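The file protein.csv comes next; it holds CSV, C-alpha atoms.
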chain,number,residue,atom,x,y,z
J,249,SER,CA,222.3,101.5,28.1
J,250,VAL,CA,225.1,99.0,27.7
J,251,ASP,CA,228.7,100.2,28.5
J,252,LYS,CA,230.7,97.6,26.6
J,253,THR,CA,234.0,99.0,28.0
J,254,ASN,CA,233.6,96.7,31.1
J,255,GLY,CA,230.1,95.2,30.6
J,256,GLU,CA,228.3,97.7,32.9
J,257,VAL,CA,224.6,98.2,32.3
J,258,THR,CA,222.8,101.5,33.2
J,259,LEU,CA,219.4,102.9,32.8
J,260,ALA,CA,218.9,103.9,29.1
J,261,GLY,CA,220.2,107.5,28.9
J,262,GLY,CA,219.0,108.0,32.5
J,263,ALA,CA,215.4,108.4,31.3
J,264,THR,CA,213.5,108.1,34.6
J,265,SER,CA,210.4,106.3,33.4
J,266,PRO,CA,209.2,102.7,33.0
J,267,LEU,CA,208.0,101.9,29.5
J,268,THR,CA,204.5,100.8,28.4
J,269,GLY,CA,205.3,97.4,27.1
J,270,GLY,CA,208.8,98.4,26.1
J,271,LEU,CA,210.2,95.0,25.3
J,272,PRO,CA,209.9,94.3,21.5
J,273,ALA,CA,209.2,90.9,20.0
J,274,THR,CA,212.7,91.1,18.6
J,275,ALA,CA,214.3,91.2,22.1
J,276,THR,CA,212.3,88.3,23.7
J,277,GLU,CA,215.5,86.1,24.2
J,278,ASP,CA,217.5,86.4,27.4
J,279,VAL,CA,221.2,87.2,27.8
J,280,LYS,CA,223.8,87.1,30.6
J,281,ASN,CA,226.6,88.9,28.7
J,282,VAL,CA,227.0,91.8,26.3
J,283,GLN,CA,227.0,90.8,22.6
J,284,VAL,CA,229.1,91.3,19.5
J,285,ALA,CA,227.8,91.0,16.0
J,286,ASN,CA,228.7,87.8,14.0
J,287,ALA,CA,229.3,90.1,11.1
J,288,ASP,CA,232.0,91.8,13.3
J,289,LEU,CA,234.0,88.6,12.7
J,290,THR,CA,235.9,89.2,15.9
J,291,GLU,CA,237.1,85.6,16.0
J,292,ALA,CA,238.3,85.5,12.4
J,293,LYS,CA,239.9,89.0,12.7
J,294,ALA,CA,241.8,88.0,15.8
J,295,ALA,CA,242.9,84.7,14.3
J,296,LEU,CA,244.2,86.2,11.1
J,297,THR,CA,245.9,89.0,13.0
J,298,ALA,CA,247.6,86.5,15.3
J,299,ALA,CA,248.7,84.7,12.2
J,300,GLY,CA,250.2,88.0,11.1
J,301,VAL,CA,247.8,88.6,8.1
J,302,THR,CA,245.7,91.7,7.6
J,303,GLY,CA,242.5,90.1,8.6
J,304,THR,CA,240.0,92.9,8.6
J,305,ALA,CA,237.5,90.2,7.8
J,306,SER,CA,235.2,90.3,4.8
J,307,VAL,CA,233.3,87.1,4.3
J,308,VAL,CA,231.7,85.5,1.2
J,309,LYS,CA,230.1,82.2,0.3
J,310,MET,CA,232.2,80.4,-2.3
J,311,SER,CA,231.1,78.7,-5.6
J,312,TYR,CA,233.2,76.6,-7.9
J,313,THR,CA,232.7,76.1,-11.6
J,314,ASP,CA,234.4,73.6,-14.0
J,315,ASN,CA,234.6,73.8,-17.8
J,316,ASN,CA,231.2,72.2,-17.8
J,317,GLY,CA,229.7,75.3,-16.3
J,318,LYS,CA,228.4,72.9,-13.7
J,319,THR,CA,228.6,74.7,-10.4
J,320,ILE,CA,228.8,73.6,-6.8
J,321,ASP,CA,228.9,75.8,-3.7
J,322,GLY,CA,231.0,75.7,-0.6
J,323,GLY,CA,230.7,77.4,2.8
J,324,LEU,CA,231.8,80.8,4.0
J,325,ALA,CA,235.4,82.0,3.5
J,326,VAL,CA,237.4,85.1,4.5
J,327,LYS,CA,238.2,87.0,1.4
J,328,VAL,CA,241.6,88.2,2.5
J,329,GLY,CA,242.3,89.9,-0.9
J,330,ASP,CA,242.3,86.8,-3.1
J,331,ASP,CA,243.7,84.6,-0.4
J,332,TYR,CA,240.5,82.9,0.7
J,333,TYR,CA,240.8,81.3,4.2
J,334,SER,CA,238.4,78.5,4.7
J,335,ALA,CA,235.8,79.4,7.3
J,336,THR,CA,232.7,78.0,9.1
J,337,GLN,CA,229.7,79.4,10.9
J,338,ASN,CA,228.4,77.8,14.1
J,339,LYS,CA,224.8,77.3,15.2
J,340,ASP,CA,224.9,80.8,16.9
J,341,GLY,CA,226.0,82.5,13.6
J,342,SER,CA,229.6,83.2,14.9
J,343,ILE,CA,232.3,82.7,12.3
J,344,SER,CA,235.6,80.8,12.8
J,345,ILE,CA,238.4,80.1,10.4
J,346,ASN,CA,239.1,76.4,9.9
J,347,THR,CA,242.3,75.2,11.5
K,105,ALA,CA,203.0,54.2,-25.0
K,106,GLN,CA,203.6,57.8,-25.8
K,107,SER,CA,207.0,59.4,-26.0
K,108,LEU,CA,208.5,62.7,-27.0
K,109,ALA,CA,211.8,63.9,-28.3
K,110,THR,CA,213.3,67.4,-28.4
K,111,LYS,CA,213.3,69.3,-31.7
K,112,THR,CA,216.8,70.8,-31.0
K,113,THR,CA,220.1,69.0,-30.8
K,114,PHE,CA,223.2,69.6,-28.8
K,115,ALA,CA,226.7,68.0,-28.3
K,116,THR,CA,228.1,67.9,-24.8
K,117,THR,CA,227.1,67.1,-21.2
K,118,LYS,CA,228.7,70.5,-20.5
K,119,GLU,CA,225.7,72.0,-22.4
K,120,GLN,CA,224.0,74.5,-20.0
K,121,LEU,CA,220.5,73.8,-21.1
K,122,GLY,CA,219.2,76.2,-18.5
K,123,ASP,CA,219.6,79.8,-17.2
K,124,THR,CA,222.6,79.9,-14.8
K,125,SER,CA,220.9,82.8,-12.9
K,126,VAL,CA,217.9,80.8,-11.8
K,127,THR,CA,218.5,79.2,-8.4
K,128,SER,CA,216.8,75.9,-8.8
K,129,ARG,CA,214.4,75.2,-11.6
K,130,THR,CA,211.2,73.1,-11.2
K,131,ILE,CA,209.5,70.7,-13.6
K,132,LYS,CA,205.8,69.9,-13.3
K,133,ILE,CA,204.0,66.9,-14.8
K,134,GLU,CA,200.3,66.0,-15.1
K,135,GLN,CA,198.4,63.1,-16.6
K,136,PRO,CA,194.7,62.2,-16.8
K,137,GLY,CA,195.4,59.1,-14.7
K,138,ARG,CA,198.0,60.8,-12.6
K,139,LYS,CA,197.1,61.5,-9.0
K,140,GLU,CA,199.2,64.7,-8.4
K,141,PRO,CA,201.7,66.6,-10.4
K,142,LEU,CA,205.4,65.6,-10.1
K,143,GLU,CA,208.0,68.1,-9.1
K,144,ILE,CA,211.8,68.0,-9.7
K,145,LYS,CA,214.1,70.4,-7.8
K,146,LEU,CA,217.7,70.9,-8.8
K,147,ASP,CA,221.0,72.4,-7.7
K,148,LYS,CA,223.2,74.6,-9.9
K,149,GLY,CA,224.7,71.6,-11.6
K,150,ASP,CA,221.6,70.2,-13.3
K,151,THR,CA,221.8,72.2,-16.5
K,152,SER,CA,222.7,69.2,-18.6
K,153,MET,CA,220.7,66.7,-20.5
K,154,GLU,CA,222.5,64.0,-18.4
K,155,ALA,CA,221.3,65.8,-15.3
K,156,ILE,CA,217.7,65.8,-16.6
K,157,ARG,CA,217.9,62.1,-17.5
K,158,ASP,CA,219.3,61.2,-14.1
K,159,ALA,CA,216.7,63.3,-12.3
K,160,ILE,CA,213.8,61.8,-14.2
K,161,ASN,CA,215.0,58.2,-14.1
K,162,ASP,CA,216.2,58.2,-10.4
K,163,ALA,CA,212.9,59.8,-9.4
K,164,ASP,CA,211.4,56.3,-10.0
K,165,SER,CA,208.1,58.0,-10.8
K,166,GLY,CA,207.2,55.7,-13.7
K,167,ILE,CA,208.4,58.3,-16.3
K,168,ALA,CA,211.9,57.7,-17.7
K,169,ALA,CA,214.3,59.6,-19.9
K,170,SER,CA,216.9,58.5,-22.5
K,171,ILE,CA,219.5,60.2,-24.7
K,172,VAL,CA,219.9,59.5,-28.4
K,173,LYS,CA,223.0,60.2,-30.5
K,174,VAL,CA,221.8,61.9,-33.7
K,175,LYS,CA,225.1,62.0,-35.5
K,176,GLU,CA,228.7,62.0,-34.5
K,177,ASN,CA,228.9,64.8,-31.8
K,178,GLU,CA,225.2,65.4,-31.5
K,179,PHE,CA,222.5,64.4,-29.0
K,180,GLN,CA,218.8,64.5,-28.4
K,181,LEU,CA,216.5,63.8,-25.4
K,182,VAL,CA,213.6,61.4,-25.3
K,183,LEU,CA,210.8,60.7,-22.8
K,184,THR,CA,208.9,57.6,-21.8
K,185,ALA,CA,205.2,56.7,-21.1
K,186,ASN,CA,203.7,53.5,-19.7
K,187,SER,CA,201.2,52.7,-22.5
K,188,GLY,CA,197.5,53.6,-22.6
K,189,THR,CA,196.0,57.0,-23.2
K,190,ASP,CA,195.6,57.4,-19.4
K,191,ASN,CA,199.3,58.1,-19.1
K,192,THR,CA,199.1,61.1,-21.6
K,193,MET,CA,201.2,63.9,-20.2
K,194,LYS,CA,201.3,67.6,-19.8
K,195,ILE,CA,204.6,69.3,-18.9
K,196,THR,CA,205.5,72.7,-17.6
K,197,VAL,CA,208.7,74.3,-16.4
K,198,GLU,CA,208.0,76.8,-13.6
K,199,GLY,CA,211.6,78.0,-13.6
K,200,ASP,CA,213.9,79.0,-16.5
K,201,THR,CA,212.0,80.5,-19.4
K,202,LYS,CA,214.6,78.9,-21.7
K,203,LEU,CA,213.6,75.5,-20.6
K,204,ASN,CA,210.0,76.6,-20.8
K,205,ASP,CA,210.6,77.4,-24.5
K,206,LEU,CA,212.5,74.1,-25.0
K,207,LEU,CA,210.0,71.7,-23.4
K,208,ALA,CA,206.6,73.5,-23.2
X,53,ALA,CA,234.6,29.5,1.8
X,54,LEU,CA,234.8,33.2,2.7
X,55,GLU,CA,236.3,34.0,-0.8
X,56,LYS,CA,233.4,32.2,-2.5
X,57,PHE,CA,230.9,34.2,-0.4
X,58,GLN,CA,232.7,37.5,-1.2
X,59,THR,CA,232.5,36.6,-4.9
X,60,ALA,CA,228.8,36.1,-4.8
X,61,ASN,CA,227.9,39.1,-2.7
X,62,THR,CA,230.3,41.4,-4.6
X,63,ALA,CA,228.6,40.4,-7.9
X,64,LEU,CA,225.1,41.0,-6.4
X,65,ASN,CA,225.9,44.4,-5.0
X,66,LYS,CA,225.6,46.2,-8.4
X,67,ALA,CA,222.5,48.3,-9.0
X,68,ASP,CA,222.3,47.6,-12.7
X,69,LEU,CA,220.5,44.5,-11.7
X,70,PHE,CA,217.5,46.5,-10.7
X,71,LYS,CA,217.3,48.0,-14.2
X,72,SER,CA,217.3,44.7,-16.0
X,73,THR,CA,215.3,44.2,-19.3
X,74,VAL,CA,214.8,42.1,-22.4
X,75,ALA,CA,214.0,42.9,-26.0
X,76,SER,CA,212.9,41.3,-29.2
X,77,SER,CA,212.7,42.2,-32.9
X,78,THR,CA,209.7,41.9,-35.3
X,79,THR,CA,212.1,40.8,-38.1
X,80,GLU,CA,214.9,38.3,-38.3
X,81,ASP,CA,217.1,40.4,-40.5
X,82,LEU,CA,218.0,42.6,-37.5
X,83,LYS,CA,219.5,41.3,-34.2
X,84,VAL,CA,219.2,43.3,-31.0
X,85,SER,CA,220.4,43.4,-27.4
X,86,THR,CA,220.1,45.4,-24.2
X,87,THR,CA,222.4,46.7,-21.5
X,88,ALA,CA,221.7,48.3,-18.1
X,89,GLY,CA,219.3,51.3,-18.2
X,90,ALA,CA,217.7,50.5,-21.5
X,91,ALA,CA,214.4,52.3,-21.7
X,92,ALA,CA,211.4,50.1,-22.0
X,93,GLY,CA,209.0,50.6,-24.8
X,94,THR,CA,208.7,50.1,-28.6
X,95,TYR,CA,210.5,51.6,-31.5
X,96,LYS,CA,210.4,51.7,-35.3
X,97,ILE,CA,213.4,51.6,-37.6
X,98,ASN,CA,214.2,52.4,-41.2
X,99,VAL,CA,217.2,51.2,-43.2
X,100,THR,CA,218.7,53.0,-46.2
X,101,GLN,CA,222.2,51.4,-46.5
X,102,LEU,CA,224.7,49.2,-44.8
X,103,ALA,CA,228.2,50.5,-44.0
X,104,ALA,CA,231.0,49.6,-46.4
I,209,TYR,CA,246.8,55.8,-54.6
I,210,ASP,CA,245.0,59.0,-53.6
I,211,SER,CA,241.5,59.0,-52.0
I,212,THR,CA,240.9,62.6,-52.8
I,213,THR,CA,241.6,62.3,-56.5
I,214,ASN,CA,241.0,58.5,-56.8
I,215,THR,CA,244.2,58.3,-58.9
I,216,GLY,CA,246.9,55.7,-58.8
I,217,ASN,CA,247.8,52.4,-60.5
I,218,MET,CA,245.7,50.5,-57.9
I,219,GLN,CA,242.0,49.8,-58.5
I,220,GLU,CA,239.0,50.5,-56.3
I,221,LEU,CA,236.9,47.4,-56.0
I,222,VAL,CA,234.5,48.2,-53.1
I,223,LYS,CA,233.9,51.9,-52.3
I,224,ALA,CA,233.8,53.0,-48.7
I,225,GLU,CA,230.5,54.2,-47.3
I,226,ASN,CA,228.8,54.7,-43.9
I,227,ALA,CA,225.8,53.0,-42.4
I,228,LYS,CA,222.6,55.2,-42.8
I,229,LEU,CA,219.3,54.7,-41.1
I,230,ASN,CA,216.4,56.3,-39.3
I,231,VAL,CA,214.6,55.7,-36.0
I,232,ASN,CA,211.0,56.8,-35.4
I,233,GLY,CA,211.5,59.6,-38.0
I,234,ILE,CA,215.0,60.4,-36.5
I,235,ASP,CA,217.6,60.3,-39.3
I,236,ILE,CA,220.9,58.7,-38.1
I,237,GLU,CA,224.3,57.9,-39.6
I,238,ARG,CA,226.8,55.5,-38.1
I,239,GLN,CA,230.3,54.3,-39.1
I,240,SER,CA,229.6,50.6,-38.9
I,241,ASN,CA,227.0,47.9,-38.9
I,242,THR,CA,226.7,48.1,-35.1
I,243,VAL,CA,225.1,50.9,-33.1
I,244,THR,CA,224.9,51.4,-29.4
I,245,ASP,CA,223.2,54.8,-28.8
I,246,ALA,CA,219.9,54.7,-30.7
I,247,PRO,CA,218.3,54.6,-28.1
I,248,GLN,CA,220.9,54.5,-25.3
I,249,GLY,CA,221.4,50.9,-24.0
I,250,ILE,CA,219.8,49.2,-27.0
I,251,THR,CA,222.2,47.6,-29.6
I,252,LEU,CA,221.5,46.6,-33.2
I,253,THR,CA,223.2,44.3,-35.7
I,254,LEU,CA,222.2,45.2,-39.2
I,255,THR,CA,222.6,43.2,-42.4
I,256,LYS,CA,219.7,44.2,-44.7
I,257,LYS,CA,217.4,47.0,-45.8
I,258,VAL,CA,214.0,46.8,-44.1
I,259,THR,CA,211.3,49.5,-43.6
I,260,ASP,CA,209.2,50.1,-40.5
What would you get if you wrote out this structure as structure tokens?
Amino acid sequence: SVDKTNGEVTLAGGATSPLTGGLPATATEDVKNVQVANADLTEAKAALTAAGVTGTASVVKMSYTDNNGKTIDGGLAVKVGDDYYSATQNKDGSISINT
Amino acid sequence: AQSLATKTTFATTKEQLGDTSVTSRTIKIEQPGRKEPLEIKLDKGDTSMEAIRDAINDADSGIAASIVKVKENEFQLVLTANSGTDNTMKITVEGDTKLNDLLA
Amino acid sequence: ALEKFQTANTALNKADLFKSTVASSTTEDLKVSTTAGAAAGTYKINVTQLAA
Amino acid sequence: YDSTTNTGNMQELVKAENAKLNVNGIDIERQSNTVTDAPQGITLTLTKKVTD
């Protein structure tokens, strides 16, 4: 059981028992720190808030079309209303607004 | 040398010959003398006759494409063979059913 | 000397060269020519009138 | 003079007409005795009526 309030880790719910196997194949990668979801967009939210814009981040992948109908795609952008801030995703999946 | 031209005619490079919904259409080729079928994969900007011509020609696969101007403001598409019945071709679009209808 | 070399190399750099081609007519009444990208093969023509 | 009605004290000597032809069963019309699209890259100079 992870207490994110200060990063303190306790036995899961206090259940006094070791598990048979326990570790799933989806957990097989190690960690030293608590995690936060990339979809949480903490970086982008903080950046926009520090810029003074209501950056409760919602992200989309952009596409552009000309009169041809010919279409070409961009990266991820923060859909702040219709004010799309250019954004990027790192190798770890975290999102950061371009600066 | 065999060659084929489309029955329908169009006007502009803007012409969206394919279904915008389909992610990336694929074109398959076969010939009696051909070793393995050829494949052409596209982005969402390859709906045009010009795009088809560029793909086919730049593939450098021995099969070329060329556009013809039917009238003023009207075009058609043409294919190339390399002489001999061995190069006889079969073509199948494994993506947009509209292109399947056009080219089958 | 450098300018001469630039001239030659700049001329060579074009890719059209690698699509070069030559064509000939079966009849003298019609003249023909080719540009870059001309599709190789054979064609048949019919004539119904000259422009006026 | 008036093209639409052909009226006027002038006199029409040579009527205006467009070049007409066909390629491998593909009917084509062009506005002069030079064509540069049938097929693309190939160019023709026409001065007579010939078949096939």
| request: Return the neighbours of chain I among the residues of chain X, cut-off 8 Å, counting all atoms listed in the file, as a VMD selection string. | output: chain X and resid 81 to 91 95 to 104
| Taking into account all atoms listed in the file, which residue in the set K:208, K:159, K:108, K:144 is nearest to chain I? | K:108
| request: Identify, on the basis of only C-alpha atoms, every residue whose closest approach to residue 280 of chain J does not exceed 12 Å; exclude the query and any residue fewer than 2 positions from it along the same chain; express the result as an NGL selection string. | output: :J and (255-257 or 277-278 or 282-283)
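Atom CA of residue 245 of chain I is found 26.1 Å from atom CA of residue 65 of chain X.
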With a distance cut-off of 12 Å and all atoms listed in the file, select the neighbouring residues of residue 337 of chain J, excluding the residue or stretch itself and same-chain residues fewer than 6 positions from it, and output the selection as a compact mmCIF listing (two decimals) with C-alpha atoms, in the frame of the given file.
# COMPACT_ATOMS: atom_id res chain seq x y z
CA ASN J 286 228.70 87.80 14.00
CA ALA J 287 229.30 90.10 11.10
CA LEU J 289 234.00 88.60 12.70
CA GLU J 291 237.10 85.60 16.00
CA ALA J 292 238.30 85.50 12.40
CA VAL J 307 233.30 87.10 4.30
CA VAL J 308 231.70 85.50 1.20
CA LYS J 309 230.10 82.20 0.30
CA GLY J 323 230.70 77.40 2.80
CA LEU J 324 231.80 80.80 4.00
CA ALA J 325 235.40 82.00 3.50
CA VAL J 326 237.40 85.10 4.50
CA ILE J 343 232.30 82.70 12.30
CA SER J 344 235.60 80.80 12.80
CA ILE J 345 238.40 80.10 10.40
CA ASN J 346 239.10 76.40 9.90
| query | Counting only C-alpha atoms, which residues of chain K come no farther than 6 Å from chain J, as number ranges by chain? | reply | K: 118, 148-149
| task | May I ask for the distance between atom CA of residue 129 of chain K and atom CA of residue 185 of chain K, given in Å to one decimal place? | result | 22.7 Å
| task | List every protein, DNA or RNA residue with an atom no more than 10 Å from (209.8, 73.5, -21.9) in the file's coordinates, counting only C-alpha atoms, and format the result as number ranges by chain. | result | K: 110, 131, 195-208
